[PDB]
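What follows is one structure encoded as structure tokens, with my remarks underneath.
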Amino acid sequence: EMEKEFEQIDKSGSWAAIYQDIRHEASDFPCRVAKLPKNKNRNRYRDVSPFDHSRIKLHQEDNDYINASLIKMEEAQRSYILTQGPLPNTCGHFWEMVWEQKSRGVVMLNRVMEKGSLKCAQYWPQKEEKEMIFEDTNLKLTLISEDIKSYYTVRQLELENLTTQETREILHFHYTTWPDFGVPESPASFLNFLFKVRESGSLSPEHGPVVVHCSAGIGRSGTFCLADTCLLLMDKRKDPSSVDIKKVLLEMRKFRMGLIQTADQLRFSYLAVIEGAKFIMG
Ligand SMILES: CC(=O)N[C@@H](Cc1ccc(N(C(=O)C(=O)O)c2ccccc2C(=O)O)c2ccccc12)C(=O)NCCCCCOc1cc2ccccc2cc1C(=O)O
């Protein structure tokens, strides 16, 4: 089971210990392309890189690098592209990735500014009349509309390939209330956020994988993906309680390092899943 496991671990202050076990067991692969000197300014944090085997390649011939990994979950049949919050000089690359990968949705779990510093570039337009043009990748982005709510905001965007003049709609799911420190007391609003993302069909097979990111695209992003996959797995198995979340996290870490950066996020993950399963069946 996982239900009682949460009990044991929790009422034992075992979280910190487990997390470390995960860190210790996590896969270790080569990020050669990421550490090349010419890509130094394409990475936000020197200690957060994409494994070469699962990195996303840009379809340009100049430099196909971008700090982004493709988490491909075989059993749950779900794919996600986890990436770092774009840099002032990687916004064009970011949107080129969304286009080429035919993604339908972008999931953002942080604010442009947190703790007095920038955690992600303002990669999308804030006003309908002020559109953005990424000259280096020949892309145009326009804010069609947005729906601001209590703990999150959904925006409808129109991304256009200036080269072919082809337009495509993209949904921006911005969770705007993640706390300054630690994690949310309740996974409620986070769960509702995920469901809203599911409802849009952005996580579905007829589209390219969703693009998820916070600042490094491993911590909060990890909780998002992890919860989604674990929930989905519970929908597919005869015995839903057999879903071992550690096992799943470790499987995802084969595609990107660091997913879930603190014991808190690990606990929070357990919570959202557990509670999420309840809500679905009522
Ligand atoms: C130079 C510098 O400042 N680096 C920062 C970069 C950074 C990462 C995560 C954040 N975050 C996120 O959610 C996010 O944006 O993702 C948070 C982290 C902690 C708490 C809260 C948050 C939050 O935003 O809510 C950040 C938030 C703000 C600023 C910087 C954030 C950092 O902390 N590095 C530590 C190591 C992690 C990177 C690989 O780990 C590994 C690599 C391995 C490789 C191989 C094998 C085992 C390995 C094991 C590990 C491991 O330790 O698990």
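Rule-based calculations on the coordinates, nothing more; no lab input. Counting neighbours? That spans all protein chains shown, and the Cβs are built from the backbone with ideal geometry, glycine included.
Condition check: closer than 20 Å to residue 111 by Cα and more than 12 Å from the ligand (Cβ to nearest atom). Does residue 181 satisfy that? Considered against the rule, which asks whether it is closer than 20 Å to residue 111 by Cα and more than 12 Å from the ligand (Cβ to nearest atom), residue 181 comes out as no.
Collect the residues in the stretch 1-28 that are assigned to a helix (DSSP H, G or I) and of a type in the set (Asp, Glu), keeping them in residue-number order.
Across the stretch 1-28, the qualifying residues are 3, 5, 7, 10, 21, 25.
Would you tally the residues in the stretch 124-171 being among the polar types (S, T, N, Q) and farther than 21 Å from residue 202 by Cβ? Residues in the stretch 124-171 being among the polar types (S, T, N, Q) and farther than 21 Å from residue 202 by Cβ: 6 in total. The sole residue among 75, 146, 128, 100 that is farther than 15 Å from residue 174 by Cα, in contact with a strand residue (DSSP E or B) (Cβ under 9 Å, 6 or more places away or on another chain) and surrounded by 13 or more Cβ atoms within 10 Å (Cβ to Cβ) is 100.
Given the options 207, 172, name the one that is away from the ligand (no atom under 12 Å from the Cβ), in contact (Cβ under 8 Å) with a residue 40 or more places away in the chain, under 13 Å from the mean Cα position of the chain (by Cα) and surrounded by fewer than 21 Cβ atoms within 10 Å (Cβ to Cβ).
Numbers: 207 fails: under 13 Å from the mean Cα position of the chain (by Cα).
None of the others qualify; the one that does is 172.
All conditions but one from (1) touching a residue at least 40 places away in the same chain (Cβ under 8 Å); (2) surrounded by fewer than 20 Cβ atoms within 10 Å (Cβ to Cβ); (3) at positive phi apply to residue 165; the one that does not is (1). Which of the residues spanning the stretch 46-72 are in contact (Cβ under 8 Å) with a residue 40 or more places away in the chain and in contact with a strand residue (DSSP E or B) (Cβ under 8 Å, 6 or more places away or on another chain)? Selection gives 50, 51, 54, 56, 67, 68, 69, 70, 71, 72. For the stretch 215-256, filtering for residues that are surrounded by fewer than 20 Cβ atoms within 10 Å (Cβ to Cβ), assigned to a loop (DSSP other than H, G, I, E, B) and within 12 Å of the ligand (Cβ to nearest atom) leaves 1. Of the residues making up the stretch 195-204, those that are loosely packed, with under 15 Cβ neighbours inside 10 Å and either among the small types (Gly, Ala, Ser) or in a strand (DSSP E or B) (or both) number 2. Residues of the stretch 82-102 that are under 18 Å from residue 134 (Cβ atoms) and in a strand (DSSP E or B): 83 alone.
Going by the conditions given, is residue 60 away from the ligand (no atom under 16 Å from the Cβ) and on the phi > 0 side of the Ramachandran plot? Spell out how you get there, then give the answer.
Details: away from the ligand (no atom under 16 Å from the Cβ): yes; on the phi > 0 side of the Ramachandran plot: no.
So residue 60 fails the test.
When we screen 76, 34 for residues that are among the small types (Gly, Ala, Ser) and either within 16 Å of the ligand (Cβ to nearest atom) or over 30 Å from residue 242 (Cβ atoms) (or both), the only hit is 34.
What about residue 137, is it touching a residue at least 12 places away in the same chain (Cβ under 8 Å), on the phi < 0 side of the Ramachandran plot and in a loop (DSSP other than H, G, I, E, B)?
Numbers: touching a residue at least 12 places away in the same chain (Cβ under 8 Å): yes; on the phi < 0 side of the Ramachandran plot: yes; in a loop (DSSP other than H, G, I, E, B): yes.
Against the criterion (touching a residue at least 12 places away in the same chain (Cβ under 8 Å), on the phi < 0 side of the Ramachandran plot and in a loop (DSSP other than H, G, I, E, B)), residue 137 qualifies.
The set of residues in the stretch 103-125 being in a loop (DSSP other than H, G, I, E, B) and either of a type in the set (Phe, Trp, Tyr) or in contact with a strand residue (DSSP E or B) (Cβ under 7 Å, 6 or more places away or on another chain) (or both) consists of 104, 109, 112, 119, 123, 124, 125.
The single condition among (1) over 27 Å from residue 190 (Cα atoms); (2) away from the ligand (no atom under 13 Å from the Cβ); (3) in contact with a helix residue (DSSP H, G or I) (Cβ under 8 Å, 6 or more places away or on another chain) that residue 6 does not satisfy is (1).
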